[PDB]
Amino acid sequence: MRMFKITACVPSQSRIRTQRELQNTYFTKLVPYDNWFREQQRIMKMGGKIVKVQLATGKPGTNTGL
Amino acid sequence: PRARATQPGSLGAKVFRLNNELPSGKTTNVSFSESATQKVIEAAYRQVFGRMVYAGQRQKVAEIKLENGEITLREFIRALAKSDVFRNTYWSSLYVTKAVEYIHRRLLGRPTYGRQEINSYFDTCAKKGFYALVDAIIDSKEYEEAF
Amino acid sequence: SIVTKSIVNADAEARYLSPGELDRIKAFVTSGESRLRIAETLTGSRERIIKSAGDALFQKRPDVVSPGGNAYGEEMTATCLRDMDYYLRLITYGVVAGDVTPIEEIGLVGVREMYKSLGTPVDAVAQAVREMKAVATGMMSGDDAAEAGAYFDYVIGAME
Amino acid sequence: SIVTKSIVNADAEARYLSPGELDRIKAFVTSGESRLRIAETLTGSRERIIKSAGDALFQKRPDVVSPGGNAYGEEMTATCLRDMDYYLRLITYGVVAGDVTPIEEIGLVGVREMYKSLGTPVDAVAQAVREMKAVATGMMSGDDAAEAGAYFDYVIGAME
Amino acid sequence: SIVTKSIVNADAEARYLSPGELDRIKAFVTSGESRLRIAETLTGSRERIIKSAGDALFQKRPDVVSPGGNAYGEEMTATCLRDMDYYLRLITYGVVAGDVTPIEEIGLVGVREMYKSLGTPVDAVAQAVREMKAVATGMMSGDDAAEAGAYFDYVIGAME
Amino acid sequence: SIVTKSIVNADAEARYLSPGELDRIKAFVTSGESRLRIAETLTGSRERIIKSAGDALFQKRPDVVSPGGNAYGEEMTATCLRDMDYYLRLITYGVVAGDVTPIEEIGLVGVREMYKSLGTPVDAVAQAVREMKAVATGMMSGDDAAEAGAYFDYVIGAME
Amino acid sequence: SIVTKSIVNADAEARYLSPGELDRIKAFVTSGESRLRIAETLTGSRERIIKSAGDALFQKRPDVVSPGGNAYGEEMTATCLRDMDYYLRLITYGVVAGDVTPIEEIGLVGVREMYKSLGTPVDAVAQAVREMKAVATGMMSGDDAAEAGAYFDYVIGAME
Amino acid sequence: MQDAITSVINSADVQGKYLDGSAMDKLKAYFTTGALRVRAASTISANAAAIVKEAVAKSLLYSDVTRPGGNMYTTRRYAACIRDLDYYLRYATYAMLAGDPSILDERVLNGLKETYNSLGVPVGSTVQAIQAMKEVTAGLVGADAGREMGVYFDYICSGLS
Amino acid sequence: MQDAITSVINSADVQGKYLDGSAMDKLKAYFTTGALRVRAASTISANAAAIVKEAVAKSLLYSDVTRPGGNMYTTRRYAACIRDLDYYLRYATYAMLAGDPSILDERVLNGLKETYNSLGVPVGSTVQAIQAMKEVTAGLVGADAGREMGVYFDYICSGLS
Amino acid sequence: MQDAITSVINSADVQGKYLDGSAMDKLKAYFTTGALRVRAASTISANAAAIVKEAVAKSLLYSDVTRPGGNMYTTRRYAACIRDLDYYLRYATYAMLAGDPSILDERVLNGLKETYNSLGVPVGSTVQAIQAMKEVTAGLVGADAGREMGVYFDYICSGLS
Amino acid sequence: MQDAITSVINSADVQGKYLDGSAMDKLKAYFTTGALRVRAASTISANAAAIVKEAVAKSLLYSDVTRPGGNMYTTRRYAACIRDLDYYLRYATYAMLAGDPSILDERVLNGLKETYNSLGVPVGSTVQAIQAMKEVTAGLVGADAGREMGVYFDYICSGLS
Ligand SMILES: CCC1=C(C)/C(=C/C2=NC(=C\c3[nH]c(/C=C4\NC(=O)[C@H](C)[C@H]4CC)c(C)c3CCC(=O)O)/C(CCC(=O)O)=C2C)NC1=O
Ligand SMILES: CCC1=C(C)/C(=C/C2=NC(=C\c3[nH]c(/C=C4\NC(=O)[C@H](C)[C@H]4CC)c(C)c3CCC(=O)O)/C(CCC(=O)O)=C2C)NC1=O
Ligand SMILES: CCC1=C(C)/C(=C/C2=NC(=C\c3[nH]c(/C=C4\NC(=O)[C@H](C)[C@H]4CC)c(C)c3CCC(=O)O)/C(CCC(=O)O)=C2C)NC1=O
Ligand SMILES: CCC1=C(C)/C(=C/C2=NC(=C\c3[nH]c(/C=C4\NC(=O)[C@H](C)[C@H]4CC)c(C)c3CCC(=O)O)/C(CCC(=O)O)=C2C)NC1=O
Ligand SMILES: CCC1=C(C)/C(=C/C2=NC(=C\c3[nH]c(/C=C4\NC(=O)[C@H](C)[C@H]4CC)c(C)c3CCC(=O)O)/C(CCC(=O)O)=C2C)NC1=O
Ligand SMILES: CCC1=C(C)/C(=C/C2=NC(=C\c3[nH]c(/C=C4\NC(=O)[C@H](C)[C@H]4CC)c(C)c3CCC(=O)O)/C(CCC(=O)O)=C2C)NC1=O
Ligand SMILES: CCC1=C(C)/C(=C/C2=NC(=C\c3[nH]c(/C=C4\NC(=O)[C@H](C)[C@H]4CC)c(C)c3CCC(=O)O)/C(CCC(=O)O)=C2C)NC1=O
Ligand SMILES: CCC1=C(C)/C(=C/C2=NC(=C\c3[nH]c(/C=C4\NC(=O)[C@H](C)[C@H]4CC)c(C)c3CCC(=O)O)/C(CCC(=O)O)=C2C)NC1=O
Ligand SMILES: CCC1=C(C)/C(=C/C2=NC(=C\c3[nH]c(/C=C4\NC(=O)[C@H](C)[C@H]4CC)c(C)c3CCC(=O)O)/C(CCC(=O)O)=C2C)NC1=O
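The structure reproduced in this document is the subject of the present report.

1. A closer look at the interface of chain B and chain H
Facing the 12 residues of chain B at the interface are 12 residues of chain H. Each partner contributes to the roughly 1100 Å² buried at the junction of chain B and chain H, and carbon and sulfur atoms together form 43% of this total. Along the contact surface separating chain B from chain H lie 0 salt bridges. Counting across the interface, chain B meets chain H through 3 residue pairs in polar contact. Breaking the side of chain B that touches chain H down by element, the ones donating at least two residues are α5 (96-107) and α6 (116-127) of chain B. Class assignment of the residues belonging to the side of chain B that touches chain H gives a composition of 7 nonpolar, 2 polar and 3 charged.

2. A word on the interface of chain E and chain J
Between chain E and chain J, the residue contacts involve 29 residues of the former and 32 residues of the latter. Summing the contributions of chain E and of chain J, the shared interface buries around 2800 Å²; its carbon and sulfur component is 70%. Looking at the side of chain E facing chain J, the largest losses of area belong to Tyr-16, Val-29 and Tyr-93 of chain E, adding up to 24% of the total buried there. Across the chain E-chain J interface, the total number found is 3 salt bridges. Here chain E and chain J share 7 residue pairs in polar contact between them. Mapped by element, the contributors of at least two residues to the side of chain E that touches chain J are α1 (2-12), α2 (19-30), α3 (32-44) and α5 (74-97) of chain E. Tallied by class, the residues present in the side of chain E that touches chain J amount to 16 nonpolar, 4 polar and 9 charged.

3. Focus: a nonpolar patch on the surface
Residues and elements named next belong to chain F. Among the surface-exposed residues, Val-3, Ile-7 and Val-8 lie close enough to one another that they form a single nonpolar patch of about 220 Å² accessible area. Here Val-8 is to be found in helix α1 (residues 2-12). Judged by its relative accessible area of 47%, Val-8 is partly exposed.

4. Looking at empty space enclosed by the protein
Per the stated rule, a full pass over the model turns up 12 cavities of 30 Å³ or more. What lines the largest cavity is simply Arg-61, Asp-63, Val-64, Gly-69, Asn-70 and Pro-121 of chain C together with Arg-61, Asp-63, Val-64 and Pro-121 of chain D. Of the residues in the lining of the largest cavity, the class split is 4 nonpolar, 2 polar and 4 charged. Every residue along the wall of the second largest cavity is listed here: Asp-143, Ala-146, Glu-147 and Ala-150 of chain D, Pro-19, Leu-22 and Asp-23 of chain E together with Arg-39 and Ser-42 of chain J. Looking at the lining of the second largest cavity, the elements with two or more residues in it are α8 (142-159) of chain D, α2 of chain E together with α2 (21-46) of chain J.

5. Some details on the side chain of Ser-66 of chain C
For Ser-66 of chain C, the position within the fold is in the loop between α4 (46-60) and α5 (74-97). A polar contact is formed between the side chain of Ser-66 of chain C and the backbone oxygen of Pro-62 of chain C, at a distance of 2.8 Å. Among residues more than four places away in sequence, those in contact with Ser-66 of chain C are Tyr-72 of chain C together with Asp-63 and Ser-66 of chain D.

6. Some details on the sheet that holds strand β2 (residues 29-31) of chain A
Backbone hydrogen bonds are what pair the strands of a sheet, in a parallel or an antiparallel way. Residues and elements named next belong to chain A. Within the open sheet, the 3 strands sit side by side as β2-β1-β3. Their pairing is antiparallel. The sheet is open, and its two borders are formed by β2 and β3 (53-55), each paired with just one other strand. Here the strands of the sheet are splayed against their neighbours by 30° on average, with no regard to which way each runs. Sheet strands touched by helix α2 (residues 36-46): β1 (4-6), β2 and β3. Its angle to β2, the strand with the most contacts, is close to 135°.

7. Quick word on the pattern of salt bridges
As enumerated under the stated definition, the model contains 89 salt bridges over all chains in all. Notably, a salt bridge pairs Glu-148 of chain H with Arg-37 of chain H, separated by 3.2 Å at the nearest N-O pair. Here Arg-37 of chain H lies in helix α2 (residues 21-46) and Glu-148 of chain H lies in helix α8 (residues 143-160), a separation of 111 residues in the sequence. Under the relative-accessibility criterion, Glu-148 of chain H is labelled buried at 14%. Through salt bridges with shared partners, a single network forms among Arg-38 and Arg-42 of chain A together with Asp-139 and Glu-144 of chain B.

8. Notes on the site of ligand 3
Residue and element names in this part refer to chain D. Around ligand 3 lies a shell of 21 residues, among which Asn-70, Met-76, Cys-80, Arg-82 and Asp-83 are the nearest. Protein chains shield 75% of the accessible area of ligand 3, which is 910 Å² for the free molecule. When contributions to the shell around ligand 3 are tallied by element, the ones reaching two or more residues are α4 (74-97), α6 (111-117) and α7 (122-137). Here the shell around ligand 3 gets 9 residues from one element, more than from any other, and that element is α4. Within the shell around ligand 3, the residues separate by chemical class into 15 nonpolar, 4 polar and 2 charged.

9. A look at the site of ligand 4
Among the 23 residues in the neighbourhood of ligand 4, the closest are listed as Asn-70, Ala-71, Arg-82 and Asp-83 of chain E together with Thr-66 of chain K. A distance of 2.4 Å separates a nitrogen atom of ligand 4 from a polar atom in the side chain of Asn-70 of chain E. Against a free-state accessible area of 900 Å², the protein chains account for coverage of 97% of ligand 4. Secondary structure elements with two or more residues in the shell around ligand 4: α5, α6 (101-107), α7 (111-118) and α8 (122-139) of chain E. With 8 residues, the top contributor of residues to the shell around ligand 4 is α5 of chain E. Its residues assigned to classes, the shell around ligand 4 shows 15 nonpolar, 5 polar and 3 charged.

10. Details of the side chain of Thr-77 of chain F
Residue and element names in this part refer to chain F. Its place among the elements puts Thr-77 in helix α4 (residues 74-97). We classify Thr-77 as buried; its relative accessible area is 17%. Not counting residues within four places of it along the chain, the set of residues in contact with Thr-77 comprises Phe-58, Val-65 and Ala-71.

11. Some thoughts on helix α2 (residues 19-30) of chain C
Taking 1.5 Å of rise per residue, 12 residues should cover 16 Å, and α2 of chain C covers 16 Å from first to last C-alpha, within 8% of that figure. All of the buried residues in α2 of chain C are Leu-22, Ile-25 and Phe-28 of chain C. All buried residues of α2 of chain C lie within an arc of 120° about the axis, which places them on one face of the element. Away from its buried face, by an angle of more than 90 degrees, α2 of chain C presents the exposed residues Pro-19 and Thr-30 of chain C. Buried residues in α2 of chain C make contact with α1 (2-12), α3 (32-44) and α5 of chain C together with α1 (4-15), α2 (21-46) and α4 (75-98) of chain I.

12. What to know about the arrangement of the chains
The smallest C-alpha distance separating chain A from chain H is 24 Å, and no contact links them. Here chain H and chain K are not in contact; the least distance found between their C-alpha atoms is 21 Å.

13. Notes on unusual backbone geometry
The backbone phi angle of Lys-26 of chain B is positive, close to 55°, even though this residue is not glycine. Mapping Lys-26 of chain B onto the fold places it in the segment before α1 (33-48). With relative accessibility at 64%, the residue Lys-26 of chain B sits in the exposed group. Positive phi, normally seen in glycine, also occurs at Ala-14 of chain C, with a value near 60°. Tracing the backbone through its elements, the reader meets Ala-14 of chain C in the loop between α1 and α2. On the basis of relative accessible area, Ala-14 of chain C is assigned to the buried category, the value being 15%.

14. Things to note about α4 of chain D
Across its 24 residues, α4 of chain D extends 35 Å between first and last C-alpha, which sits within 8% of the 34 Å expected from 1.5 Å per residue. Positive backbone phi, at 75°, marks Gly-98 of chain D, one or two positions downstream of α4 of chain D.

15. Regarding the packing of helix α3 (residues 48-60) of chain H against helix α7 (residues 123-141) of chain H
How two helices sit against one another is set out by the angle between their axes and by the gap between those axes. All names here are of chain H. Orientation of α3 relative to α7, taken along the N-to-C sense of each, is 125°, at an axis distance of 8 Å. The angle between α3 and α7 falls in the class oblique. α7 is crossed by α3, and the crossing has right-handed handedness. Between α3 and α7, the contacting residues are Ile-51, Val-52, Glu-54, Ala-55, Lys-58, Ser-59 and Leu-60 on the first element and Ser-125, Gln-128, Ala-129, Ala-132, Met-133, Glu-135, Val-136, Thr-137 and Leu-140 on the second. In terms of residue class, the contact of α3 with α7 is made up of 9 nonpolar, 4 polar and 3 charged.

Reading the values: the criteria
Residues numbered from 1 in each chain as written, not as in the entry; some residues may be left out. Chains lettered and ligands numbered in written order. Part of a larger assembly, values for the part shown. Heavy atoms only, no water. Contact = heavy atoms within 4.5 Å. Buried area = accessible area lost by both parts, 1.4 Å probe. Salt bridge = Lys/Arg side-chain N within 4 Å of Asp/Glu carboxyl O. Polar contact = N/O pair within 3.5 Å; in protein donor to acceptor, adjacent residues only side chain to side chain. Helix = DSSP H or I, 4+ residues; strand = E, 2+ residues; numbered from the N terminus. Nonpolar A, V, L, I, M, F, W, Y, C, P; charged D, E, K, R; others polar. Patch = residues over 30% accessible without salt bridge, like charges linked within 9 Å, V, L, I, M, F, W, Y side chains within 5 Å. Areas by Shrake-Rupley, 256 points an atom, 1.4 Å probe, with all protein chains shown as cover. Buried < 20%, exposed > 50% of the residue type's maximum accessible area, 1.4 Å probe, protein only. 1 Å grid on protein atoms, 1.4 Å probe; cavity = no way out; pocket = protein on both sides within 12 Å on 5 of 7 lines; lining within 4 Å. Points joined across faces, edges and corners; volume = space filled by probe spheres on them. Pairing = 2+ DSSP bridges. Axes fitted to C-alpha atoms, helices over the stretch in contact; angles between N-to-C directions. Near = heavy atom within 4 Å. Expected span 1.5 Å × (residues − 1). Arc of directions from axis to C-beta. Parallel < 35°, antiparallel > 145°, perpendicular 65-115°, else oblique. Left-handed = near helix turned anticlockwise from the far one by under 90°.

What follows is the structure in structure tokens.
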């Protein structure tokens, strides 16, 4: 499946809310490989630096079987 | 358009947030955290499908991945909408344009605005299919700004 | 309790506690003696309640005590009465909590799934808690019987 | 069926039928004769299947026919054998169609909700389909019994 | 293979494998010898197939071998035959897999984008795999030619 | 055009036109005379532009006119020069409108899908617009060649 | 600046920059000298502007300099003039940026929340930036006064 | 959405009866034609773009509809036309495989007339395009497979008209 | 999320016993504190904005943070600072009402450390601001409830540091 | 996600060669096992609920876990336990059908260790329950397929421990 | 995301002063570069696909990467490679227009290193491809703007290595 485990953090920039919102601004989750480019572009559009990306499952260098 | 994210109070529907992040190792028996997470999963099941799905049909793998905290609520709703029961209910019974419109009303909370918007989503349905339709609706900037 | 539920409500709505629910916590604080009396009388007569309710359940629904049924044999009937003991215990916990949430956390989440696994008919368990409700409200005074019957009613509602 | 499932699975993917799916449809098209033979075997001897399976079920689970159970009385036992007849008919449909989408899409989706609203133990229904499977696979040749027992297996698996 | 695809289908539908697709895996298991024979004959005569198909493609479409075209020169024509070698290799992999999915993973995802980068006309590649299909089905027996032509047909369908 | 784009961009934002957008519209309104002069330059000499650009294209890319290419034969070469005439007409429209929304909104959206359905190499079409740009910017003064080459540049950029 | 805003607009719309906003960036590039002159004259006479505007504000609204008001005392009036210094500094930054976005990032997000914390009346600050606007546009030539008054007008609009 | 098997089962179930000999004969007819359906579906999946472009080259090219003023004029309209014809060929292949046109009026012919009438799409020109697509694919797969393709192509043209 | 009541029920539940007399002793301790907990909570809810403004005026105002060069310089960072302080005070009031700091460990101090390291927020200034807010609320609502707020503010500081 | 076939194709693909005779030998080994793999998979799919209930009745029922004080006490934890066991059995059946434990390393044992440490789940009781389930399915479906299920259950236990 | 203008405004803002003459000097430097920056950006936007195809034809094509055994073997990996190169060129054009490499450090080199380690992408081949693309765009758009693209491509390589 090649599931990525990302530990990214999302910034504030504007529209200060009085909700708690710890879970948006700092988080560690896992996303699939095929939409990992799209999700990384979401974190880039937000403007928050990503800390660590790991591959939770699957192997590099596999041409078949994913 | 700055106030897409502002929720209506007492004049529209209630908005469910997953803000508590269900966090526990060595959890208390009378922990209030799992019960509110069950409330949010309940809410996602009846906003995506409309109703509470029948007992053999609900996805326990995505519920388990949400309650363990590896996937977000957006990816959980994506895994609910890309399921077989959703596509056999709403996408396989209907016309393709009516399916685009009803899936847009389910996942974005509003009907479509015009023709470009429908010529762009049904093109994603054209070259790639229903899975990329759900992927393109969940991708859209109105989804990220609204929810 | 009512305080944890008011706190998670004020947390999700991201505000302080309203004076309405402050008055609710204060009224709960003053009604602590009445709920202590109800839970006291229930913890007193738990064996008599369980014996009369189990015999009333077996008189009403004999399928569970029949051969081929679930609760067949000495140990199976004893485990049936043990499950009724657990449910009356959670009833007392929710009675003293002022809320149904410890009954939810301990014994209401997956009872349909686990009783699908064991083979227990869940409607028979709903009848058992119905008989426990009828007997316990027969023991109490009518106002306190209404309070305990609210929690018993919630348990049989979450059953069936 | 097989053709519906292949068409839908290629249909979501916005592609035509892959050649492997096409030889799947071709192999099902060739095996349709043996499927129709199993269907005639199941159809022609439905009386003995329902009768012997009801006999072995009530021998195995006597509490549901004892007073207190669901299928107690003349008309209740007749409705019980009617429900078993319904499930044998869906077994025949699933045998012909080559897949379990007739069985699931007719009589297995809300089976838990329906039999909970009727007050029926679903494990005893699984035992009814188990005895139907025993009588039916006692009635055929080896590969025919395996191919029919696949769908009987799906029904008992979808019960629990 | 067919087993990975049936497993990801049973995974997304969150159930066990149906006896229909268990019978599909069993039929695939028994037809392993026929697909081994097809892939054996294709791996035997790959050079003759490639030479006749490349000369038939250059006879049909001379734009690629013309000056200014893509495959102009010794090394460019050799790389054209190398790409036909890769596609016949993936054809043999999909023939022995029973499914078109290794052909999809290795050589069908971004062929339009990469041939948009190199300047290769993709319809010429579709004509090349068409000539390889015609020659390989001319070599095989008609039933095995139908099986290999299913995978060849899938490749030219995903091309154009 | 410029006015359409400014109106729409203020229209989504639920605001009026900002003064910077207003002097943008004012500067485009003043430069419309030079835009109309470039349009008359491109319109009056379309025969020599299409002829010389087709000559230089078929000199540069001879495989598309060789047997095997798309534009082989009398009527196919006439249709090729007609497609070049279409693109020069859209260039004139984009020169007058001050923006590329005529060019994009008429003849650049599904250009890849159309020329893939016709079997046409799109790089050779980009070379056709390149030779049209060479002949057209060889026909004007410096700033006029830059302003027309902006739209020619957009067409070749939207090809690849 | 205008370039960051055009870039985030082309990013959210996932396309390249339109030639309209390329012409917008080019016109901004050519008008750099005029905005340099405006910011030069504002950075020249900042003390005179602040002194006349602060005395005009204290003449207009005496509640802030009264006892019990916010800006009472030497240090409080000096901090009031310091806040006017920060706002004129951000005015010069936005004047040289061609956009109001650095004024937004540095001093417009939470001014209502922080001035609710300090106790500063925000409408008095809007009057202060109004007097700074009137004095600075009294100093400038009328076209450059219109440009600087656009940014001053934006600041008092985001205030009240 | 139902094939010949599911429609036979639905008729026998709405009756409440078991599968009698006429249903067995209908299913035997489908199980004899299914291999031909499979091979024709593979042959049609081979040449999707070729059948579509030959249908446009027969009917719609060099007519008024590709000229200015026509509804197939622009590149957007040309791409959407190729997209619509690919839809018609794909769903005709699906209805050929199922042996029942229920998918066609469930998922093609549902709101297609009102969509084409709201857009201004000519229905006669697209009916001629589908007829030329039918003629090309019947030249491709043979006589009887072309006939069992053309029955669903005629179903699409009848529901469109 | 647990009260004093829910933690008592939870502890009696893990070992598996019923309610003993010592549990009733803890419950009556919670109630006799809880009446004044309610009145202190109403007083804090009435005066939260003045409490926060006195806390920042005590410690953070004339330092380098509210000055340039600090993490509290811009109005964005000032508004985020006031919001952080309001959230500390609100969650301290919730922990005071529940009689258990499990909410502070559950919702406040969950990932607050690492985002405070990653954004570069000074921990020491925040701790000083919270302690200033602590004796501001102690002088406001009284002595015993001042101690109540004191151990929960100290719980927030210990989870922060 | 790889079969025996996909792992053979993958190994022949990394080094870059075509199919050799030893690959065909592994493929025929997979097929001659795969027929009985299918029949054992149908038998396990038929009797999964009885297998899981016999596994928990063998090992977990009259211990401290299903008793109070254990991690299997409440009905929430019991339902989660039965669901965990059902998932172990289902993924073992998938690994038995594919002939490769890559699915168990891919989907089961990916992050199961750390959540089992973090929730406080006992590893030893789970391993005992899986081994009890192993000889339950061995006595059900037979000897050779019992060994097949045995190495995949042992793969799950080795990834767990 | 900052320009030369926004970085000048930011630097004058951290220390707290107004615009000085040296800031105006940097601003006029940015403008007199920015006119030719615009023309070079239009030239790069016109010819991006040819630039990328010449870059891969220069360095990556007849090596082991585009061959089997490399990370550029399959069409999936080739399409990902061309997309990675297109993104490097596009972000280099953005950094050339802004006059500041903060966008490359912000959006490109944020987590690109660790995913390039984790997927096994060769850093050296990517650096060679970017440098080949650098002198391809230098020979295309000219000398001074070639140097402009050169320091931003070198910024991408230094963040990559
Ligand atoms: C319910 C529990 C909870 C807390 C507490 C919480 C805090 C929190 N504080 C933040 C920022 C912040 N917090 C501070 C804090 C301070 N100012 C200082 O310099 C002092 C040291 C301290 C004032 C007392 C500052 C300055 C920022 C913004 C820094 C930046 O991102 O620009 C952010 C990043 C998003 C934002 O801009 O607000 C979060 C999520 N989130 C939560 O869910
Ligand atoms: C506090 C929440 C809670 C619940 C609900 C609970 C139920 C529970 N019921 C059990 C057994 C049982 N429960 C029953 C009960 C019934 N079957 C009948 O015939 C009667 C109608 C019905 C009684 C109302 C029977 C017969 C068994 C034994 C089942 C068996 O051994 O197969 C067991 C197995 C033995 C053990 O580990 O103590 C548990 C855990 N445990 C809990 O901690
Ligand atoms: C084709 C799919 C399908 C099913 C399964 C179905 C079941 C079904 N079973 C019913 C009753 C019933 N079914 C049973 C059956 C059983 N009770 C037992 O103890 C035995 C274990 C078991 C049968 C062996 C009984 C006793 C009733 C009567 C319930 C009552 O009278 O309250 C009824 C209500 C009366 C009626 O209209 O028939 C329905 C609709 N209907 C359907 O359309
Ligand atoms: C298994 C999946 C797979 C595919 C499809 C593949 C294609 C592929 N085709 C290539 C070249 C090429 N392929 C062609 C082929 C053609 N142009 C023509 O004129 C002919 C019509 C057409 C032949 C059918 C040509 C001419 C080149 C060289 C292009 C160049 O050097 O510019 C190269 C560059 C050399 C190398 O690194 O080996 C690759 C990687 N590689 C793969 O691993
Ligand atoms: C205004 C926007 C617009 C465009 C671009 C357009 C193109 C267009 N080009 C066509 C054909 C064509 N266009 C070409 C052109 C070329 N082939 C080459 O080799 C050269 C590289 C290139 C021209 C220099 C050729 C050869 C055909 C005939 C294709 C065929 O007959 O199969 C056709 C089909 C026949 C027709 O109705 O004209 C259309 C609709 N239509 C439009 O409305
Ligand atoms: C660039 C964005 C920006 C703004 C807006 C800003 C405001 C700001 N205003 C302050 C004080 C103040 N500002 C005022 C201003 C006013 N009260 C009045 O009476 C007048 C009507 C009004 C003047 C327009 C006063 C009186 C204080 C001192 C408040 C106190 O000490 O309690 C302080 C505290 C001292 C310091 O750390 O410098 C800050 C940070 N700082 C910034 O960095
Ligand atoms: C899957 C079932 C289904 C179908 C069939 C369908 C058709 C459909 N065809 C459309 C347009 C179109 N369809 C055509 C097709 C034609 N016009 C002609 O002149 C030719 C005769 C004919 C082609 C053979 C054209 C040219 C347009 C574009 C109209 C325009 O852009 O103004 C549109 C307008 C929106 C858009 O292009 O993307 C829809 C919704 N939608 C569906 O959901
Ligand atoms: C497909 C692979 C896969 C697995 C296996 C998986 C397991 C998994 N097991 C969990 C819990 C659990 N698993 C157990 C397990 C057990 N009961 C015991 O005490 C024994 C040691 C063992 C019974 C055999 C228990 C008790 C919990 C719940 C503990 C709690 O959170 O309250 C949870 C937390 C969410 C939940 O409550 O279910 C996950 C995600 N998730 C996956 O995606
Ligand atoms: C906007 C900044 C940005 C960048 C650059 C970015 C890159 C990026 N490159 C990726 C893969 C890749 N990048 C390459 C790169 C190369 N091919 C080679 O071998 C060479 C060394 C190099 C070609 C120049 C390859 C081969 C992969 C796919 C490897 C795989 O996952 O199979 C992936 C994983 C998802 C995917 O398959 O695309 C990301 C997210 N994401 C971003 O958000």
